[PDB]
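For reference, the chains in residue letters:
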Amino acid sequence: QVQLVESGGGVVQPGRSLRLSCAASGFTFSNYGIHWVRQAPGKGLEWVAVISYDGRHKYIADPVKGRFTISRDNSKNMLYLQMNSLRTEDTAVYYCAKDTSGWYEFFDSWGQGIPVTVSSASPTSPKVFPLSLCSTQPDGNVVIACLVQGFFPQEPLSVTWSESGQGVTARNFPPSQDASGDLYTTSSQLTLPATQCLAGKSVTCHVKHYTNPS
Amino acid sequence: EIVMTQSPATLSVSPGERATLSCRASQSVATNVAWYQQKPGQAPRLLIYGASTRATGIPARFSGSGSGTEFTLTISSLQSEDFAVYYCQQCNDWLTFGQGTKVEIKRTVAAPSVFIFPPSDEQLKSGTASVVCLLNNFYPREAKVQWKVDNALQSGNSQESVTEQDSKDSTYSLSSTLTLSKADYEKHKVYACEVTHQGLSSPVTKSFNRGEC
Amino acid sequence: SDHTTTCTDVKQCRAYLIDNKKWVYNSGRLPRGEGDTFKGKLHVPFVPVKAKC
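Positions along each chain are numbered from 1 by the written sequence. They may not match the entry numbering, and residues without coordinates are not shown. Chains and ligands are labelled by the order in which they are written, letters from A for the one and numbers from 1 for the other. Each value listed describes the chains present in this view, a part of a larger assembly. Here the side-chain values reflect all heavy atoms present in the structure, with hydrogen atoms and water set aside. Residues with missing side-chain atoms are left out of burial classes, side-chain pairs and their counts.

Per the PDB record, this model was obtained through cryo-EM at a reported resolution of 8.5 Å.

Encoded structure:
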């Protein structure tokens, strides 16, 4: 029930006041502590406190303490973990321990911070249609070589973020120091015709759900 | 605090009662360390699957279940299934600092061998639209998780001169090597043809990103 | 050496040993010791006796 999931990795450049907003679900955040643990995907619950929200004294824990000010709201059930003046350490999934009387044990599907900034370059996806010579494959190569979106969040898709036919998306690859996600969205040769084939890339760099046909 | 040098994984092939042991270098990864047998994925189940490494907490399907079986806070991978596959790091949020467990990655039988989709598009109307001709080639759902993509610019075995993206699991726990026969339109456009040689164990696949001329 | 974070402070933590190694007689200036046993009647050495002087 501990769903004090931090706000997603928020791109607020180092020195900005990020918010690892661990909005607790019903986990007795008023009646039990909600610690903040600014931690990597597999680093371990590096708590900013054994935060006794139930107890008077929150046993502060150094591992996430420091620029990750735990804005834990016991009543509101939100370990908002507002990374005030967040140095370059918020870029880690800020798990939020249910520090019941300062027993920092739980976490959640926490988001993170991102004490960095990325230029909003082109969100385009180069929607190369099925195999150039062949164009008759079991999966129609509706290939979206997502353009160099300086913000990594290329949101590759096969049809304008619809039906997503077998999207073989490069992980917004930095082939051009950006979200160059070669989204070879292998929508079925019928799926491209039956549904749309507008090879989407909602690349947050120039944020726009692309609809380039493929 | 109590540095939790987690035992790396919970071994399981068939669904069975495993233990995602997560050792602590300093002490036992325990409730004071608040190891909490967490089975933390990035987004999914990124919470304390255990409860202070003693009982099944939030992110457990009884697979990250709280159990300090030793100095290793075993995120008890009881009946560990394919969905139980998670980095069940008994993430210590200890009283002094975190000192969390690195990882005890539970896992069961998974990764079926699927067909590497020939999602290979050449430097198309938009692929070659840029001054740098770029094929958009893939081997989606490749049988193994590895497909070392060689876009084969004009069937040139172009492992180089091709932005061969990593063969990530497309749709069926099976690799998708988003190859891209890449040059400044001097090679990749002249070699507009491309066979994305991406498949299980670097299998050369005839994914015909074979651009005319 | 078990220790619980419910009291980060050592204050409420109420450490209480118990022993029965050797055996001594209780008293008012002695609490209700856990051991209400060992009625081992050990002699008193000297004895008030009527002498002559």
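Anyway, onward from the coordinates.
Chemist: Explain the overall build of chain C to me, using residue names and the numbers behind them.
Modeler: Along the backbone of chain C there are zero helices and zero strands. Reported as C-alpha extents along the three principal axes, the dimensions of chain C are approximately 70 × 20 × 15 Å. Working definition: helices are DSSP H or I runs of at least four residues, strands are E runs of at least two. Numbering for both runs from the N terminus.

Chemist: Pulling in residues and values, what's your account of the interface of chain B and chain A?
Modeler: Any two residues whose heavy atoms approach within 4.5 Å at even a single point are treated as in contact. Contact with chain B, which involves 42 residues of that partner, is made by 45 residues of chain A. Under the scheme applied, nonpolar residues are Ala, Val, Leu, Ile, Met, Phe, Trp, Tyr, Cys and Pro; charged residues are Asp, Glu, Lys and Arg; polar residues are all the others, including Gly. Tallied by class, residues from the side of chain B that touches chain A come to 20 nonpolar, 17 polar and five charged.

Chemist: Go over the pairing of strand 10 (residues 142-145) of chain A with me, naming the residues and quoting the values.
Modeler: Residues and elements named next belong to chain A. By this definition, two strands are paired if DSSP reports at least two bridges between them. Two strands pair when backbone bridges link them, and strand 9 (residues 127-128) and strand 10 are joined in this way by two bridges, in the antiparallel orientation. Residue pairing for strand 10: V128 is matched across the bridge by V143. Bridging between strand 10 and strand 12 (residues 182-185) involves four bridges; their strand directions are antiparallel. Within strand 12, the position partnered with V142 by the bridge is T185.

Chemist: I'd like to hear about the pairing of strand 12 of chain A, residue by residue, with values.
Modeler: Pairing geometry for strand 11 (residues 167-168) of chain A and strand 12 of chain A, over two bridges, is antiparallel. Within strand 12 of chain A, the position partnered with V168 of chain A by the bridge is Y184 of chain A.

Chemist: Describe the environment of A51 of chain B, and please don't skip the residues or the numbers.
Modeler: Mapped onto the elements, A51 of chain B comes out in strand 2 (residues 50-51). Setting aside residues no more than four positions away along its own chain, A51 of chain B makes contact with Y36, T56, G57 and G66 of chain B.

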